[PDB]
């Protein structure tokens, strides 16, 4: 257990928290961004205010978060949750194992989901679409419409 006078803490062979208020726990775990936190062997939180939790996880974007083995978040404001998830667009969010949020301000929801269009939320990919269930009827213009509502027309 190695500590610094600037709030860094590390543990594991070759683990290095050098950014200030850093935490790096795991073999060759690295937290080089300010306010950065890395957990798992070869985890890498190099972005400022980044968080990389999971073996070979990586969060190199500013304000990025990658959680799950081999998860990646290279976009600024990008967040990836799930083993092998990638959030690579600016302000993107990938939630699901092997999900990919590639476009800016996009989200990909579910395992293997891909978001390749700006400002959109993807629940799968072409030929692998998912039904959205337990949706209460929409009220405002920008609420989703459910089947009971479509049928009422």
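Positions refer to the first chain, counted from 1.
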| item | value |
| --- | --- |
| Of 65 to 73 and 113 to 121, the stretch whose C-alpha atoms average the higher B-factor in the entry | 113 to 121 |
| Stretch with the greater mean C-alpha B-factor as recorded in the entry, comparing 92 to 100 against 124 to 132 | 124 to 132 |
| Residue 60 - Cα temperature factor, lowest/middle/highest third of chain | middle |
| Chain thirds of CA B-factor: placement of residue 33 | highest |
